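Data block for my_file23.csv (CSV, C-alpha atoms and all ligand atoms):
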chain,number,residue,atom,x,y,z
A,27,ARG,CA,-2.5,7.6,21.1
A,28,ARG,CA,1.3,7.8,20.8
A,29,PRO,CA,4.1,8.2,18.1
A,30,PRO,CA,4.5,4.9,16.1
A,31,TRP,CA,8.3,5.4,16.6
A,32,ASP,CA,7.6,4.6,20.3
A,33,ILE,CA,6.8,1.0,19.2
A,34,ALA,CA,10.2,-0.4,18.4
A,35,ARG,CA,9.1,-3.0,16.0
A,36,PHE,CA,8.2,-0.3,13.4
A,37,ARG,CA,11.6,1.4,13.6
A,38,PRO,CA,13.3,-0.6,10.8
A,39,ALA,CA,10.7,0.4,8.3
A,40,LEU,CA,10.5,3.9,9.5
A,41,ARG,CA,14.2,4.4,9.2
A,42,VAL,CA,14.0,3.7,5.4
A,43,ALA,CA,10.6,5.5,4.6
A,44,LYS,CA,9.0,8.9,4.7
A,45,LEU,CA,5.3,9.7,5.4
A,46,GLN,CA,3.2,11.4,2.7
A,47,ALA,CA,-0.1,13.2,3.4
A,48,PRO,CA,-2.2,16.0,1.7
A,49,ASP,CA,-0.5,19.4,1.1
A,50,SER,CA,-3.3,20.8,3.2
A,51,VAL,CA,-2.3,18.5,6.1
A,52,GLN,CA,1.5,18.8,6.0
A,53,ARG,CA,3.9,21.0,4.0
A,54,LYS,CA,6.4,18.3,3.3
A,55,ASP,CA,6.8,14.5,3.6
A,56,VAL,CA,7.8,13.6,7.2
A,57,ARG,CA,11.2,12.0,7.4
A,58,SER,CA,12.0,12.2,11.1
A,59,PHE,CA,9.7,9.9,13.1
A,60,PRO,CA,10.7,10.2,16.7
A,61,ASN,CA,7.9,11.9,18.7
A,62,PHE,CA,5.7,12.3,15.6
A,63,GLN,CA,2.0,11.6,15.6
A,64,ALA,CA,-1.0,13.0,14.0
A,65,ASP,CA,-4.7,12.2,13.4
A,66,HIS,CA,-3.5,10.6,10.1
A,67,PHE,CA,-0.6,8.6,11.6
A,68,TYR,CA,-0.6,7.3,15.2
A,69,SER,CA,-0.2,4.2,17.3
A,70,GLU,CA,-2.9,2.7,19.6
A,71,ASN,CA,-2.7,-0.9,21.0
A,72,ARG,CA,1.0,-1.0,19.9
A,73,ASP,CA,-0.1,-0.8,16.2
A,74,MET,CA,0.8,1.7,13.5
A,75,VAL,CA,-2.4,3.2,12.2
A,76,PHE,CA,-3.0,5.2,9.1
A,77,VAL,CA,-6.2,7.2,8.6
A,78,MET,CA,-7.3,9.3,5.7
A,79,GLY,CA,-10.6,10.3,4.2
A,80,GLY,CA,-11.5,11.9,0.8
A,81,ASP,CA,-11.0,10.8,-2.8
A,82,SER,CA,-7.4,10.8,-3.9
A,83,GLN,CA,-6.0,11.6,-0.4
A,84,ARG,CA,-3.4,9.5,1.3
A,85,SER,CA,-1.6,8.9,4.5
A,86,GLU,CA,1.1,6.4,3.3
A,87,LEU,CA,4.7,5.5,3.8
A,88,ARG,CA,6.9,5.9,0.7
A,89,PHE,CA,9.9,3.5,1.1
A,90,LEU,CA,13.1,5.4,0.1
A,91,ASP,CA,14.9,2.6,-1.8
A,92,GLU,CA,14.3,2.7,-5.5
A,93,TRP,CA,14.8,-0.4,-7.7
A,94,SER,CA,14.3,-2.2,-10.9
A,95,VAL,CA,12.2,-5.4,-11.4
A,96,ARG,CA,15.3,-7.1,-12.9
A,97,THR,CA,16.8,-7.1,-9.3
A,98,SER,CA,19.0,-10.1,-8.6
A,99,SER,CA,18.1,-10.3,-5.0
A,100,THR,CA,14.5,-10.3,-4.0
A,101,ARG,CA,12.9,-7.0,-3.1
A,102,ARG,CA,10.2,-7.7,-0.5
A,103,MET,CA,7.6,-6.0,1.6
A,104,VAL,CA,5.8,-8.0,4.3
A,105,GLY,CA,2.9,-6.5,6.4
A,106,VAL,CA,0.8,-8.0,9.2
A,107,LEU,CA,-2.3,-5.8,9.2
A,108,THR,CA,-6.1,-5.5,9.7
A,109,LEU,CA,-8.6,-3.6,7.6
A,110,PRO,CA,-11.3,-2.8,10.0
A,111,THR,CA,-14.9,-2.7,8.7
A,112,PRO,CA,-15.0,0.4,6.4
A,113,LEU,CA,-17.5,3.1,7.1
A,114,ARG,CA,-20.7,3.6,5.1
A,115,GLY,CA,-19.7,5.7,2.0
A,116,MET,CA,-16.1,4.3,1.8
A,117,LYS,CA,-16.0,2.6,-1.6
A,118,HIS,CA,-12.4,2.0,-2.7
A,119,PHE,CA,-8.9,2.5,-1.2
A,120,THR,CA,-5.4,1.2,-1.6
A,121,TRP,CA,-3.3,-0.3,1.3
A,122,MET,CA,0.0,-1.4,-0.4
A,123,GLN,CA,1.7,-0.6,-3.7
A,124,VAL,CA,4.7,-1.1,-5.9
A,125,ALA,CA,4.8,2.5,-7.1
A,126,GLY,CA,6.5,3.4,-10.4
A,127,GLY,CA,8.1,6.6,-9.1
A,128,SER,CA,9.4,9.5,-11.2
A,129,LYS,CA,9.9,7.4,-14.5
A,130,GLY,CA,7.2,4.8,-14.1
A,131,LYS,CA,4.6,7.4,-13.1
A,132,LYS,CA,1.8,4.8,-12.4
A,133,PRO,CA,1.9,1.9,-9.9
A,134,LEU,CA,3.1,-1.5,-11.1
A,135,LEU,CA,0.9,-3.0,-8.3
A,136,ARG,CA,-1.9,-1.8,-6.2
A,137,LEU,CA,-3.5,-3.9,-3.4
A,138,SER,CA,-7.0,-2.4,-2.7
A,139,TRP,CA,-10.3,-2.9,-1.0
A,140,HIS,CA,-13.7,-2.4,-2.6
A,141,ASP,CA,-17.2,-2.3,-1.3
A,142,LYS,CA,-18.4,-3.5,-4.7
A,143,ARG,CA,-16.7,-4.9,-7.9
A,144,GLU,CA,-17.7,-7.0,-11.0
A,145,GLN,CA,-15.4,-9.6,-12.4
A,150,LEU,CA,-18.3,-9.2,-5.6
A,151,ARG,CA,-18.8,-7.4,-2.2
A,152,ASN,CA,-16.3,-6.5,0.6
A,153,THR,CA,-13.5,-7.7,-1.8
A,154,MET,CA,-9.8,-7.3,-2.1
A,155,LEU,CA,-8.0,-6.8,-5.4
A,156,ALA,CA,-4.5,-6.9,-6.9
A,157,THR,CA,-4.1,-4.7,-10.0
A,158,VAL,CA,-0.9,-5.3,-12.0
A,159,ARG,CA,-0.3,-2.7,-14.7
A,160,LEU,CA,0.8,-4.0,-18.1
A,161,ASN,CA,1.9,-0.5,-19.2
A,162,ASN,CA,2.2,3.0,-17.7
A,163,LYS,CA,-0.3,4.7,-20.1
A,164,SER,CA,-3.1,6.9,-18.9
A,165,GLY,CA,-6.8,7.1,-19.8
A,166,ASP,CA,-8.1,4.4,-22.2
A,167,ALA,CA,-4.6,3.2,-23.3
A,168,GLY,CA,-4.0,1.8,-19.8
A,169,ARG,CA,-3.8,-2.1,-19.7
A,170,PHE,CA,-4.1,-4.2,-16.5
A,171,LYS,CA,-4.4,-7.6,-15.0
A,172,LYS,CA,-7.0,-7.7,-12.2
A,173,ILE,CA,-6.6,-10.5,-9.7
A,174,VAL,CA,-9.4,-11.1,-7.1
A,175,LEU,CA,-7.8,-11.7,-3.7
A,176,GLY,CA,-11.0,-12.6,-1.9
A,177,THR,CA,-13.1,-11.2,1.0
A,178,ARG,CA,-11.6,-8.7,3.4
A,179,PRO,CA,-10.4,-10.7,6.4
A,180,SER,CA,-12.1,-9.7,9.6
A,181,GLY,CA,-8.9,-9.7,11.6
A,182,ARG,CA,-5.1,-9.8,11.1
A,183,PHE,CA,-3.6,-11.2,7.8
A,184,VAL,CA,-0.2,-11.4,6.3
A,185,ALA,CA,0.5,-9.6,3.0
A,186,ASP,CA,3.9,-10.5,1.3
A,187,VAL,CA,4.9,-8.7,-1.9
A,188,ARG,CA,8.1,-9.9,-3.7
A,189,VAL,CA,9.8,-8.9,-7.0
A,190,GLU,CA,12.7,-11.1,-8.1
A,191,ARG,CA,14.2,-11.8,-11.5
A,192,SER,CA,11.4,-9.9,-13.3
A,193,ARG,CA,8.6,-11.8,-11.5
A,194,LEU,CA,6.1,-10.2,-9.1
A,195,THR,CA,4.4,-12.4,-6.4
A,196,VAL,CA,1.8,-11.7,-3.7
A,197,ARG,CA,1.1,-14.1,-0.9
A,198,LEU,CA,-1.9,-13.5,1.5
A,199,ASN,CA,-1.8,-15.6,4.6
A,200,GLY,CA,0.8,-17.9,2.8
A,201,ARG,CA,-1.3,-18.4,-0.3
A,202,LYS,CA,0.4,-17.3,-3.6
A,203,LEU,CA,-2.5,-15.5,-5.3
A,204,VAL,CA,-0.4,-13.3,-7.7
A,205,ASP,CA,2.6,-14.5,-9.8
A,206,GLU,CA,3.2,-12.6,-12.9
A,207,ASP,CA,6.0,-11.7,-15.3
A,208,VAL,CA,6.8,-8.0,-15.0
A,209,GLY,CA,9.9,-7.9,-17.2
A,210,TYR,CA,8.1,-5.3,-19.6
A,211,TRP,CA,8.2,-2.8,-16.7
A,212,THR,CA,11.7,-1.4,-17.4
A,213,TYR,CA,11.6,1.7,-15.0
A,214,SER,CA,14.3,1.8,-12.4
A,215,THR,CA,12.3,4.1,-9.9
A,216,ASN,CA,10.1,1.6,-8.3
A,217,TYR,CA,9.5,1.5,-4.5
A,218,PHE,CA,7.2,0.1,-2.0
A,219,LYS,CA,4.3,2.0,-0.3
A,220,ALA,CA,2.0,1.0,2.5
A,221,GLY,CA,-0.8,2.8,4.4
A,222,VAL,CA,-4.0,4.2,3.2
A,223,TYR,CA,-4.7,5.9,-0.2
A,224,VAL,CA,-8.4,6.6,-0.8
A,225,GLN,CA,-9.7,6.3,-4.4
A,226,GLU,CA,-13.4,6.8,-3.7
A,227,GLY,CA,-15.0,7.7,-0.3
A,228,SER,CA,-15.6,10.9,1.7
A,229,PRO,CA,-15.3,9.2,5.1
A,230,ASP,CA,-12.1,8.2,6.8
A,231,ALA,CA,-10.5,4.9,5.9
A,232,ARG,CA,-8.3,3.2,8.5
A,233,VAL,CA,-5.5,0.7,7.9
A,234,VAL,CA,-3.9,-0.9,11.0
A,235,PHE,CA,-0.4,-2.3,10.7
A,236,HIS,CA,0.7,-4.8,13.4
A,237,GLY,CA,4.1,-5.3,11.7
A,238,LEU,CA,5.8,-4.0,8.5
A,239,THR,CA,9.2,-4.8,7.2
A,240,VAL,CA,11.1,-4.4,3.9
A,241,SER,CA,14.1,-6.2,2.5
B,1,LIG,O1,-12.4,-2.5,-10.0
B,1,LIG,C1,-12.4,-2.5,-11.3
B,1,LIG,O2,-12.3,-3.5,-11.9
B,1,LIG,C2,-12.5,-1.2,-12.1
B,1,LIG,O3,-11.3,-0.9,-12.8
B,1,LIG,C3,-11.3,0.5,-13.1
B,1,LIG,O4,-10.1,1.1,-13.5
B,1,LIG,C4,-9.1,1.1,-12.5
B,1,LIG,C5,-7.8,0.9,-13.2
B,1,LIG,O5,-7.7,-0.4,-13.7
B,1,LIG,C6,-6.6,1.2,-12.4
B,1,LIG,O6,-6.4,0.2,-11.4
B,1,LIG,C7,-6.8,2.6,-11.7
B,1,LIG,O7,-5.7,2.7,-10.8
B,1,LIG,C8,-5.3,4.1,-10.5
B,1,LIG,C9,-5.7,4.3,-9.1
B,1,LIG,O8,-7.1,4.3,-9.0
B,1,LIG,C10,-5.2,5.7,-8.6
B,1,LIG,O9,-6.0,6.7,-9.2
B,1,LIG,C11,-3.7,5.9,-8.9
B,1,LIG,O10,-3.4,7.3,-8.8
B,1,LIG,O11,-3.4,5.5,-10.3
B,1,LIG,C12,-3.8,4.2,-10.6
B,1,LIG,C13,-3.3,3.8,-12.0
B,1,LIG,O12,-3.4,4.6,-12.9
B,1,LIG,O13,-3.0,2.6,-12.1
B,1,LIG,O14,-7.9,2.6,-11.0
B,1,LIG,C14,-9.2,2.5,-11.8
B,1,LIG,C15,-10.3,2.6,-10.8
B,1,LIG,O15,-11.0,3.6,-10.9
B,1,LIG,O16,-10.7,1.6,-10.1
B,1,LIG,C16,-12.4,0.8,-14.2
B,1,LIG,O17,-11.9,0.1,-15.4
B,1,LIG,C17,-13.7,0.2,-13.7
B,1,LIG,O18,-14.6,0.2,-14.8
B,1,LIG,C18,-13.6,-1.2,-13.2
B,1,LIG,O19,-14.8,-1.6,-12.6

Step by step, read the file and then write its structure as structure tokens.
Amino acid sequence: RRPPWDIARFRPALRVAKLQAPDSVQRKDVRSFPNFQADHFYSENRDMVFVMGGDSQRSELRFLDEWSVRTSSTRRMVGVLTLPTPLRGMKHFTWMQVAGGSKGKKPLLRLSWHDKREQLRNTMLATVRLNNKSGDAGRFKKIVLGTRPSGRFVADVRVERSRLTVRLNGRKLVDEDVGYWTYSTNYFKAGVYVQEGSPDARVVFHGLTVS
């Protein structure tokens, strides 16, 4: 294992992100990536690997740029990644987001993996929030993205002129108006953020770029 900053292709993303992990694991978000590696964030096989176990715990990059959905020029996150077979007991985790930040407070978009869902096994999901309310007042659009691929796939999230799109391996599976989401604190996230599962979840990035 080596520091993902050793693999040059990850430098553009790492220059404009910081790494978040539990307060029991690091005191503060990591902002300087040269020479940095840990059990939750390391490179093997020239990839950038995130690993975290336990409900509500993350190892995730928080992109530093904050923006509004009204943006004139496309805001885009494109990943080439693998979700290796999850361990027995891992039920639900998130691997990319459009996070709502300090004003939005909830994520506009989560891309997640689930052992089991009803609307399905070994299934990926896009959740687009229709408001930022908590509890029972929360409203959502749930879009089924299909079975977890067994190897690499391309995930491409774009927001432009109030429209959110997701393309998985070139297929546009999400295309929604988001103009209701007025908050100006949105940013991209990528990595692993466990919702339900004691064991470790692993998310393997082969490439990640924002624009
Ligand atoms: O998979 C389902 O269809 C599932 O939806 C469940 O509620 C979701 C809810 O829609 C929302 O996506 C929520 O997302 C949370 C996220 O889990 C995380 O905690 C983050 O901090 O905040 C997100 C947010 O507030 O948007 O996750 C819920 C979930 O537990 O999966 C239920 O409605 C369930 O009945 C249904 O099967």

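Considering all atoms listed in the file, the residue among A:139, A:213, A:31, A:223 positioned nearest to residue 66 in chain A is A:223.
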
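Of the residues under consideration (A:211, A:222, A:57, A:34), A:222 shows the shortest atom-to-atom contact distance to residue 76 in chain A when counting only C-alpha atoms.
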
Report task. Grab the atom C17 of ligand LIG 1 (chain B) to CA of residue 123 in chain A distance for me, in Å with one decimal place. Result ->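 The value is 18.4 Å.
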
Report task. Determine the nearest neighbour of residue 94 in chain A from the options A:187, A:208, A:107, A:234, counting only C-alpha atoms. Result -> A:208

Dump as a Markdown table the rows for residues of chain A within 9 Å of ligand LIG 1 (chain B): closest atom pair and distance in Å with one decimal, only C-alpha atoms and all ligand atoms counted, ordered by chain and rising residue number.
| residue | atom | partner | partner_atom | distance |
| --- | --- | --- | --- | --- |
| A:82 | CA | B:LIG1 | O9 | 6.8 |
| A:118 | CA | B:LIG1 | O16 | 7.6 |
| A:119 | CA | B:LIG1 | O8 | 8.2 |
| A:120 | CA | B:LIG1 | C9 | 8.1 |
| A:131 | CA | B:LIG1 | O12 | 8.5 |
| A:132 | CA | B:LIG1 | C13 | 5.2 |
| A:133 | CA | B:LIG1 | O13 | 5.4 |
| A:134 | CA | B:LIG1 | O13 | 7.4 |
| A:135 | CA | B:LIG1 | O13 | 7.8 |
| A:136 | CA | B:LIG1 | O6 | 7.2 |
| A:140 | CA | B:LIG1 | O1 | 7.5 |
| A:142 | CA | B:LIG1 | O1 | 8.1 |
| A:143 | CA | B:LIG1 | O1 | 5.4 |
| A:144 | CA | B:LIG1 | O19 | 6.3 |
| A:145 | CA | B:LIG1 | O2 | 6.9 |
| A:155 | CA | B:LIG1 | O1 | 7.7 |
| A:156 | CA | B:LIG1 | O6 | 8.6 |
| A:157 | CA | B:LIG1 | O6 | 5.6 |
| A:158 | CA | B:LIG1 | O6 | 7.8 |
| A:159 | CA | B:LIG1 | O13 | 6.5 |
| A:162 | CA | B:LIG1 | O12 | 7.5 |
| A:163 | CA | B:LIG1 | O12 | 7.8 |
| A:164 | CA | B:LIG1 | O12 | 6.4 |
| A:165 | CA | B:LIG1 | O12 | 8.1 |
| A:166 | CA | B:LIG1 | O17 | 8.9 |
| A:168 | CA | B:LIG1 | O5 | 7.5 |
| A:169 | CA | B:LIG1 | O5 | 7.4 |
| A:170 | CA | B:LIG1 | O5 | 5.9 |
| A:171 | CA | B:LIG1 | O5 | 8.0 |
| A:172 | CA | B:LIG1 | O2 | 6.8 |
| A:223 | CA | B:LIG1 | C10 | 8.4 |
| A:224 | CA | B:LIG1 | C10 | 8.5 |
| A:225 | CA | B:LIG1 | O8 | 5.6 |
| A:226 | CA | B:LIG1 | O15 | 8.2 |

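Note that the spacing between CA of residue 92 in chain A and CA of residue 38 in chain A amounts to 16.7 Å.
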
Query raised in the report: Pick the closest to residue 65 in chain A from A:114, A:232, A:191, A:53: which is it, counting all atoms listed in the file?
Result: A:232

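Near residue 203 in chain A, within a cut-off of 12 Å and counting all atoms listed in the file, sit the residues residues 137, 154, 155, 156, 157, 172, 173, 174, 175, 176, 185, 186, 187, 194, 195, 196, 197, 198, 199, 200, 201, 205 and 206 of chain A, with same-chain residues fewer than 2 positions away left out.
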
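Taking CA of residue 192 in chain A and CA of residue 128 in chain A as the two end points, the separation is 19.6 Å.
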
Report task. Have a look at A:85, A:50, A:100, A:152 and name the one nearest to residue 64 in chain A; count all atoms listed in the file. Result ->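 Between A:85, A:50, A:100, A:152, the residue approaching residue 64 in chain A most closely is A:85.
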
Report task. Compile the contact shell of residue 229 in chain A as a ChimeraX atom specification: residues with an atom at most 10 Å away, counting only C-alpha atoms, same-chain residues fewer than 5 positions apart removed. Result -> /A:77-81,112-117,224

Query raised in the report: Got a sec: who's within 12 Å of residue 214 in chain A, counting only C-alpha atoms, leaving out chain neighbours fewer than 3 positions off, as a VMD selection string?
Result: chain A and resid 91 to 97 124 to 131 134 209 to 211 217

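When only C-alpha atoms are used to measure the gap to residue 240 in chain A, the shortest distance among A:44, A:35, A:84, A:102 belongs to A:102.
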
Report task. Take the point (-9.0, -1.5, 5.8) as written in the file and pick out every residue within 7 Å of it, counting all atoms listed in the file; give the list as number ranges by chain. Result -> A: 108-112, 231-233
